[PDB]
Structure formats: C-alpha cells, structure tokens
C-alpha cells in the first residue's frame, strides 16, 4: 500500500503539556512520526509519498467554520495578548453556562477546547492542515480503487469535535477522510476507532448523521480520558440513530477480550453496509504504553489488521495515538502486515 506522510508534521513541536499539575514536554511529539515511519519502511512499506496540499472544502463539512477560523489565528492572538507561555485554555463552558461565544482570546480558547492538557503553539495550524492533507490523499486512493492505504497523520485527530480541540488533536483527520469518501461517491462509510482512547471528537461529528457509522473500543470513560463520552448507552440520535457503537473496557484488558469487541464492532459495521472503513489506529493499547491500561502485545497487532481487513471492504488506516516506546513503530507496522497479508 501507499504511505502518505508530510514532513510538515514537525511544525507542531509544542514545548509544553499540562500533565499531573506540571508543564512537561508533550507525549505527542515529533519523534513519534520518526519512529513510526522508520518501522513501516523496515517492514517493507516504503512507498512513501507526501500529500498534495488541500484547502478547506472537505473539512468545512465536518468542522464548524468559526472553530477553524479560531485555530488559524489562535497563536497570533495569544502572543499579541502578551502571554508568555504557550496557548492553554483555563475557563470552560461547563454545566449551566451561557452558549455565547466570547470575543477575546482567553474566552475563545476555552470556548473551543475540551481538554486543557493540549497547548496551541506556533506551527500547530500549519501542521494540522498537513496532517489533514495526508488523510485526504489516503481517502482519495481508496476512492480511486485501492483496497488499503496508510495516512501517517500527526497531529492526531479523533478528540477534535465539531467545534473543539483537545487530547493533542485539532482537525479530525479520520472524519475528514470519511467525508472525502462520501464526497467521492460513497453513500455509507464506517470509522473504526481502535486507539485506546474514545474518539469523542469523531463521535460528536457523526452522532446525528446516518451516512457514517462510528465504532470505538476504548478505556472505560468512567476511569479514562476523555472522561465525558464513550459510554455504551450512546448509540446516536436523530438521523444518526443506531450508528454509534461504543465498547468501553477496563483495566488490564488483553486481546482475548478486546478482540471479542473487535469482532462485534465489525459485525455492526457489516450490518450497516459500510462501503469502506476508516480505521483510527492508535497503538496506545500496547501493554507498555505509558498513559494507557490495556495489555495488547506486538503480535496482536498483526491479528488485528488481518481481522479488520477480512471485512472485505477497503481500509484507510489513519494514525492516531501510541506513546513512549520505539515499539509504537513495530506495532503500527504489524497492523499494516495484517492488512497486507
């Protein structure tokens, strides 16, 4: 398959992340892309191509325009306000707040944020657009008839909702890819989110839409980030009724249990009639992952890729999370081996 990857991911090189009450170097840092790219090449996936640039036509169909305008100028406005650190939200529109949008940068950064650990830094918008472009070009390969492709997205995307950034995400790459496939002629698309964390952003985008089915396997939100979405009872509303399937799982979950949820999610997707599946691939389900509590082993990733590809419909694999250890590369490459085998 083709691997789509932009060196412009490096424009997102934030100095800080709010973690454990401290400002520390971020878990989601450029070395992740370096390690993943090297490992996929080592596994024989060396058809690596930069994405063509894209404008906003596709992304405007999944994200709010005000939100995207906010991301475009957030850094400039923060710096102009005289703040000395990176741009980090403080006040949030929580229970029983006004729905009004503030006008100043501090109010707006909170309005448009779901998670304060994520700082906006110079280059973030440009990096996010390059990552979106990798997802779009991946989608275009699937629309053109390829049965597999890998979009090596960074920054990741699945915590970005209709109008909010957080969890290291700004533009929901998988959502944009799904939209691109619909725009190219698909009538029904699924997104299968196997990252350890719930894709709350993706769920938000498609919750009331019947053209996209969203399935997520993830740490129970009662005790895992993102904390406020991802319960099994959330199945969709309005036109999207019955098109969200959440599989929350608990501490220590191994493949023998996680794979049963995978099987079920694929049954759901097949019954929905997806013409293609966008896989939001995080490898933070790994037993060594520093911020996560599942216990998948490196061989399990091959099984996972094979099982998802046995759906018999085309796959776009879109990179999400997976942290800390160089094995993040091996684990992603193993999913691709399972898909390609």
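Numbering follows the first chain given and starts at 1.
*Asks:* Can you tell me whether 302-310 has a higher mean C-alpha B factor than 268-276 in this record, or the other way round?
*Replies:* Here the higher of the two C-alpha B-factor means belongs to 268-276.
*Asks:* Quick one: higher average CA temperature factor, 102-110 or 79-87?
*Replies:* Result of the comparison: 79-87.
*Asks:* Per the PDB entry, which option out of 49, 316, 29, 281 has the greatest Cα B factor?
*Replies:* Within the set 49, 316, 29, 281, 49 shows the top C-alpha B-factor.
*Asks:* Take the CA temperature factors straight from the PDB entry and tell me which of 167, 248, 199, 240 peaks.
*Replies:* Of 167, 248, 199, 240, 240 has the highest C-alpha B-factor.
*Asks:* Residue 322: which third of its chain by C-alpha temperature factor?
*Replies:* For residue 322, whose C-alpha B-factor we compare with every modelled residue in the chain, the answer is the middle third.
*Asks:* With respect to C-alpha B-factor, does residue 97 fall in the lowest, middle or highest third of the chain as deposited?
*Replies:* Its C-alpha B-factor belongs to the middle third of this chain's values.
*Asks:* State the tercile, meaning the lowest, middle or highest third, of residue 185 with respect to the CA B-factors recorded for its chain.
*Replies:* CA B-factor rank for residue 185: highest third.
*Asks:* Thinking about Cα B factors across the chain, which third does residue 209 belong to?
*Replies:* Within its chain, residue 209 is a highest-third residue by C-alpha B-factor, going by the deposited values.
*Asks:* Where does the C-alpha B-factor of residue 219 rank in its chain, lowest, middle or highest third?
*Replies:* According to the entry, residue 219 has a C-alpha B-factor in the chain's lowest third.
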